[PDB]
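Labels run A, B, C, D, E, F, G and H following the written order; every chain starts at residue 1.
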Amino acid sequence: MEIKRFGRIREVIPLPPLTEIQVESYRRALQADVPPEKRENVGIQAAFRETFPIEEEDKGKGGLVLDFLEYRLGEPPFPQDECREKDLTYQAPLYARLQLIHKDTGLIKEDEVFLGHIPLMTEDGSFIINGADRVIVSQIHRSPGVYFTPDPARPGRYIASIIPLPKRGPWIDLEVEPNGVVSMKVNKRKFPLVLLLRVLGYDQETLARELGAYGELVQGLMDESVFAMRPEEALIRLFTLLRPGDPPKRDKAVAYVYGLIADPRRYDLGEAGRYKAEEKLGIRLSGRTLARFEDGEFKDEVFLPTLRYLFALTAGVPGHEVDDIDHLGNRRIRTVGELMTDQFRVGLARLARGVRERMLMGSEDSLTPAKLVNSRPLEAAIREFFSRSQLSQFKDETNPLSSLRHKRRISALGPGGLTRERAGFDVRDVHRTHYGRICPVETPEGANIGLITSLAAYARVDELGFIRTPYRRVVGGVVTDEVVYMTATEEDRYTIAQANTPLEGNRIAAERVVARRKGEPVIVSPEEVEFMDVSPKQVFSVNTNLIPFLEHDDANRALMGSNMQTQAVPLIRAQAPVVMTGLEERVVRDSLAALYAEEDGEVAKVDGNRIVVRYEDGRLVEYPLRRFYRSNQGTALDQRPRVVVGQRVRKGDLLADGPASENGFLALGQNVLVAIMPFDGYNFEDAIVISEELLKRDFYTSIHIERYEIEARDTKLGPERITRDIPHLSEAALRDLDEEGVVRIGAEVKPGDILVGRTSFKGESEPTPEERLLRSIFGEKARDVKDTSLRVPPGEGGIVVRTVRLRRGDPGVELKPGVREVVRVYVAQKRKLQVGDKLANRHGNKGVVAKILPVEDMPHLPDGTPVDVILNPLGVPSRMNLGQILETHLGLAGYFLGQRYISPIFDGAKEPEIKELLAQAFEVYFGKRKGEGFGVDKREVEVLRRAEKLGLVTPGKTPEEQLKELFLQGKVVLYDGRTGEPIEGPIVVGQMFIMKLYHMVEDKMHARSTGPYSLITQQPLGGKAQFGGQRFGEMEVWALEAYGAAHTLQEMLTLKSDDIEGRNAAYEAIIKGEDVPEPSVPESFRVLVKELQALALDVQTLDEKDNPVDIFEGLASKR
Amino acid sequence: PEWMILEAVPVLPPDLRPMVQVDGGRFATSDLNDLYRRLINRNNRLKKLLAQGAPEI
Amino acid sequence: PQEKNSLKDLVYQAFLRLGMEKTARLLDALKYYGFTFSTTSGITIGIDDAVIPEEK
Amino acid sequence: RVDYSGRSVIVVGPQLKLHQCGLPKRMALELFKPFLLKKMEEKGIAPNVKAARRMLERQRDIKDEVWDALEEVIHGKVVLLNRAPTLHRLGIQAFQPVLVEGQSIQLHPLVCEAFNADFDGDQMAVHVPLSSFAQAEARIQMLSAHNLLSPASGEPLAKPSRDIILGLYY
Amino acid sequence: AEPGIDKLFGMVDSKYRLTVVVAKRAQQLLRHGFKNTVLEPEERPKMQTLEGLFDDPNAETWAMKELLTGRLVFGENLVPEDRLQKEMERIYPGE
Amino acid sequence: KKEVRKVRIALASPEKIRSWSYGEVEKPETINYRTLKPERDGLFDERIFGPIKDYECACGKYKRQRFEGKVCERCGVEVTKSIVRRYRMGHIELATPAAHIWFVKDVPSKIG
Amino acid sequence: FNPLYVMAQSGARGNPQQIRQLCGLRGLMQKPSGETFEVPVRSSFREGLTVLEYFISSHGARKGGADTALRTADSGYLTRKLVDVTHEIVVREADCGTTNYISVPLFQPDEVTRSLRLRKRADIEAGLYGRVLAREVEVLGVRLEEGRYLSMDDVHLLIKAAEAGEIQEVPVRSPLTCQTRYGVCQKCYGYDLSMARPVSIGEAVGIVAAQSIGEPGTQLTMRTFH
Amino acid sequence: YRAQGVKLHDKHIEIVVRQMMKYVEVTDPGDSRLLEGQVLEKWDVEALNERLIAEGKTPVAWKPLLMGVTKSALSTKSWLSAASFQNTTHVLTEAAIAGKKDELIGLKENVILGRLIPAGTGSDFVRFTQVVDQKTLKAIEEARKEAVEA
């Protein structure tokens, strides 16, 4: 068909690289590829220039030089795809040119040390951790600078504070019950700030007198002038402020440290809070943070501005510099690069600790290179990091958007100093500054709400870890294509008109305009304007944008949509919406789902397994096509060629459609005939009915890939093995698993079959004497070997598809200790649609398949065409999620109009326009009718009569005509496939793009009866092929109690759970078809008693006669 | 009252603070044993010392 | 017209006036018809139904 | 954790009658295995126990009559459905199940009230009242069809909710 | 549903009382085959399996029915702890 | 065979304590590693807590349930369900008296 | 017969607020601080919102999905207490004999400074339904045996009776005045409420009450709002 | 609740209320101290030993007490429940010294124990109800004339 785009906002510039964040943050943190170790250390190399120069020089031993020179790395031991296979971690060792000298000018330079290797970032932006696709979430924090927070407790004034960001850096705060106390709080210990004022080299005079001027209230300062006359005195004294007790020898112990050492600096050389402080405190500072060199003493252009500012603040109107924390202009975002580097430092610093412990017993010169070395500490750090990092989580590649959007998220969780689970209500809040930076709407539904968010599509973060948003410069009515990314603060400085502002060429088209001044909803004649929003899109997260008519549904339900799209699964019969916002196309590119042409040429070869092409110049590049492959979440991930031989094609041209890409457009589902209306309560509550037809069309049919594993352990009781030869009884149970241990690929397996055959030795390989006899009676070969083969877990299986075997694989296998070899089998299954699956439209409208109807009874139109799905209308009012409605309305036209549409967000379609298209369509739908010698269905009349009584149609009009009128209201006439009789009332029908949602194995259909039992608690435990029990809790106890079902609750917790002997006796009883024994004491309790006793506490069960009672019936009574 | 003091320290049944083998040559337990251990250690050491008419210090 | 309450009240009485079990029958009865009708009721939702009064 | 428990997603059963509830045979099966087993044995089809036992270990080798018996057992018996959070006793109710296809639980529309839960994904927990005695309390003071009024207000809890009303109202 | 349920209540002082009752009848009514009942074949819990009607085995069903027919008696304290089983094990050997 | 109706909670007579202990732990030794053996007089000395194999002594001189509950004249371990191992309690004899904290840090510090 | 109308009305689904938004004015949305905005959200959902419009709204959207989380996640918190507090209480006796009781009003004083005012049925009903009459009651030419349970109608009647300025208080056996040992006698409780009849002995009332209270909790405005 | 359109019968609440009044404080000993704030009913034996029961004529003056649910229950006669809640140690410790006996009047306790519930079917009142057929009402006769040996 033909695509018809809408709205007319001139997006001056297309969207930015997406994963871009992850990619560059990292790119700008390594300096590998093109970086010649020339002019920069910004990240890791800075991580270097700090862990260096590490010295241990006593001018006596003289020179003990050990500095950095050049960092290096570059041989990924193995290839990505290969790393995944053997549960490896794609990365590359890291060498380093260093230098150790000697007082004797002994400059021996062992320019090598590759002990540690570090992970690498995929072409898409993710990581491979132990074969697992892992992802790193960029989290936010309170940018390092100076702030003045209104003192909470006392509603009289407020507290100021400072924040450099090292793992062991300063954290200043000020306050005062001033009479004298210049309350200067440090770690947990405060005192008068004055004392410090002189250590600076300034007394009450140079300070309090010249400054305490406008700050006439500087009495909260000047109290000890004598302490303020010879820097040196106050100087020493202050140490007091520290424990335990040391002599005034270290004239500058903790000083030089809080001067030009990593501590004081927020960022390197000011960048962090300099702009902050400085721009909010007059001018620049002393070098980078607080430093003073070639003078000895220490000059502080720090507290200098600070204090006086708290004054300029604890004053009248000298700047009124309050501090809205949530203000984005005051919150930084740590990104992978940065985020990782710090972790790089810890284990790094953890190595220097190591290296310094070496100068001790280090020979004269039997120490030079790496005899002073050890990666493990640092190795662990980072390793430990990724692998076990809170922000390190399995790549969510449910589909692409899923995987992509996942990258775009922002955490507020993590650093035990930068993150806290103390629900910060107002922090979870959507602060004004979020506009065009954070998806106001996109956020995980659940207690993690407002803590995890997505990035506003257009929003971008600069190396300073700050976001910025697109804005075009305005000139008294004239609109410039000159864009301007900008931050939160800078933003408040201006007046921003909404993008959608009427225009002409560039001249604005309005006497009054819609804008916001630093979040100020205002109207203004043009001249007054300064900047305009580039495009609505810039506000919301990406997937959020994928929603059509967003401007029509309530944000809340909207939230649902976004989330859901991420949970959308790749159908075989992929389909992009009959209507799109506009991103779909751009997405696939960035997601890296499909393949495009990096130049023009002819289609060389294109077999299903691969494609090759010749370039203009004449280059033959065969493109290995990743075939059917598992998703982290097991979904299928495959690309499909759409181009053919001899076919010429230019750059940017697609070649193979990713998993969920159609024509190169996102196809998170399928478009279909939905008819909104109640159907015998089968769509009762969110419940959704389905035209059996769809299945026949294998529409909603997916392919899940499931992987299983097994281990060869060299047991102490003797190693176990993978053999087709097992103590098993039958043979028909070996039909397929005949391949000398393994099951032959491509086999229809069902819960209970043997993917793999394994055997070991039980009961410490001691055959029961009981069993003994039995066994002998039929050939007593007590094979000490127990069959412990791998079976298909219950529920369901599918058919084999692939098998991988690792035998301490000399090629690179690193089998876990105790493991001889391992095995992996992958089973696929075309999970098709069935009663239960859940579906959702981009409009938060979600629900489950309640019933599948026979196309017959299925509601159809006069032209005997049945819709495919029936949607109850109730789920809308209480949802105010109209959007979908329109989507269907238009979904209906293009249906006949054999086309698709692109309606922009807060733009695109408009009732008229739609109301229009229908009319056209009405021709197709209706028009033909007569050209077939066909008039109006008698029943059609029936309805219409009724139709106008509802003021739907304008009375007296031609029956035929009336229809149109109706049609335009998106409603049509429907016949009941069952009764045939029409439906008393028009029915709005039409197309809707729907998605099938992912099925969590946790959401699987469980059902236990009896099985494993926690070795301790002695309570139902679930195995691999055995289910677990339901967590029966107090809430349920309470409920039960309320009713009064004594027994149940008892047996419930006893027999059914903790009472040992019971259950068995129970089982048996049932078996023999007998009644049930009574409940004894639950281990839980017995156990309890013991615990008590163990705590030296007699617990005594007694009767009426107050006579003790043994709950252990014997095994407690001794002697 | 005397009861509140101790000289007879109880001990949980084994299977309630078990010791089990787990992975390729390793096992697991409850801290108790440990706690328990150290304790015993101390007491028995003590015995000797007294048995050693040692400096009451 | 029948609705929530009307019904509710009706129910309560039912439950009272006549035993509880027969009442159940009723419910289902209701259930049944309530459903059957709604389906045929020809009651959809078109953006047009978002009838915007002029007094706006 | 309970022994004869199970969980699955719920669906609405317009066919169901107040005191009934749809139950995936497959799932049902496990929950009653023993009882079932017995019946089997009790019928030629199954010589002894371990027989039936293994006889069912694999779905492929799961015969027909199997179900025909399973039902038999069930006759009269009821079970319990839970949809957490269980806030008020009616957060649990009993029903005589009816065997159903598909791996999903068919819940009766009226109870969705107390079981404040819709079919936008809600799953439910099932439990089997073992002893004759348990079954009793159950089938008596816990049958969905026996709690129509609200213990708090005393008002008809189980009553026309959405679709139904509308129809009627119409 | 559940027949006579209401009426069933109308035959006890306490809701729960009834339960207990039934239950016990079941038990015993089980422990002794079924010859124990207080009703003829004409009226008997049935089932339609294998094309036909064959006695229903769900004790409650039975218990419940009997009660309806005043052909049975409960009470707080009716008789001696063992005479029942006793006399009862004679009349209907069950086993 | 009957039922209860009252639960008690009283301190523990060192006597009572000793009235429970199916023996006294004297040795720290957990389990022998070479064979994973409940160290003698140690924390798992099943001589104290019982068979690890229901109805069966250590040295194995006794096995079948046909030795109801006859102690081993050798390994000195009884014969019964190993299950009792999660129920029987042993003790330690304190060279010196030690205070039970729950009567100190709990205020009023009962004793004080 | 318009759908919506039909719906909301029948109560089948949707209330006014919901509609007002859809059909006409979404109205005022308020700030995070909590202070309502000065400019309103003119657009109806049908009309479609402004980027600006849309945005501004959301704040409450958060607090909305926010607020809820706290109870939806869990609020049993309440019940829990109650439970711990009322579990033991059970229907134990038949008659505890308490000569005393309580008298339920039908009027409220200080709505205006002490003027009198009849209570809303609901309230009243909530207070006397299935209650057991303390003393006999002569009214509207009809007397009420003292010890008589309060059917639904009965109440109405009374209700009707007080309208004829014929009464104000009501002698009724209550738990407060029940004399049972950590439980309650069949009389000081009354109807069952799951069934409209006199509660049978051995009923788990303590627990019941606790739940009846807890459950609702999850749907009460958490933080003070105005 | 009403203000939130929640229809709830008074009872339920009233119930929870009685419990806050459940305990009371003392002013006139007889044989106990003053801090003692106890479960109100103990008075028909204790406070009825007035000039009649024990006839000792030793009065017992006390004070009405109002405490929060937390409190009230937490101070239960049954030590278990009391321990089942926060500050388990204290509870115990006390009950230990007092060597408290916990009856099983309440549920939680009886439950957590492993015993059949005190109410519902667990309510003694009915628990025992007996039932046998009329066919057995002829059975009594056996042991009823199992004495008429000619």
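Please note the rule applied: a contact is a pair of C-beta atoms (placed from the backbone, for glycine too) under 8 Å apart; a residue touches a chain by one contact, two chains touch by 3 or more.
Counted by C-beta pairs in contact, the busier of D-G and E-H is E-H. Chain geometry summary: the mean Cα position of chain A and that of chain E are 61 Å apart. Chain geometry summary: the mean Cα position of chain G and that of chain H are 30 Å apart.
Chain centres here are Cα means. That of chain A falls 51 Å from that of chain F. Separating the centre of chain D from that of chain F, both taken as means of CA atoms, is a distance of 46 Å. Contact with two or more other chains is made by residues 678, 680-681, 873-874, 882, 1035, 1038-1039, 1041-1047, 1075, 1090, 1093-1097, 1102, 1106 of chain A. Multi-chain contact residues, meaning those touching two or more other chains, occur in chain E at positions 1-2, 5, 14-17, 19-20, 27, 30.
Shown for chain H are the residues that touch two or more other chains, namely 7-9, 12, 92, 96, 101, 107, 113, 115, 118-123, 125-126.
Contact between chains, using the touch rule, shows up for A-B, A-C, A-D, A-E, A-F, A-G, A-H, B-F, C-D, C-E, C-G, D-E, D-G, D-H, E-G, E-H, F-H, G-H.
Across the complex, chain D is touched by residues 6-7, 9-13, 74, 76, 79, 126, 129-130, 191-196, 208, 211-212, 214-216, 218 of chain G. Looking at the complex, you find that chain D touches chain C at residues 14, 17-19, 109-110, 145-146, 148-149, 155-156, 158-160, 163-170. Here chain G touches chain A in the complex through residues 1-4, 7-8, 12-14, 18-19, 21-22, 32, 37-39, 45-46, 48-52, 54-59, 61-66, 69, 73, 76, 79-80, 83, 87, 202-204, 207-208, 210-211, going by the rule given at the top. By the touch criterion stated above, chain A contacts chain H in their complex at residues 1037, 1041, 1043-1047, 1049-1050, 1053-1054, 1059, 1079-1082, 1085, 1097, 1102, 1106. Across the interface of their complex, chain G is touched by residues 9, 12-17 of chain E.
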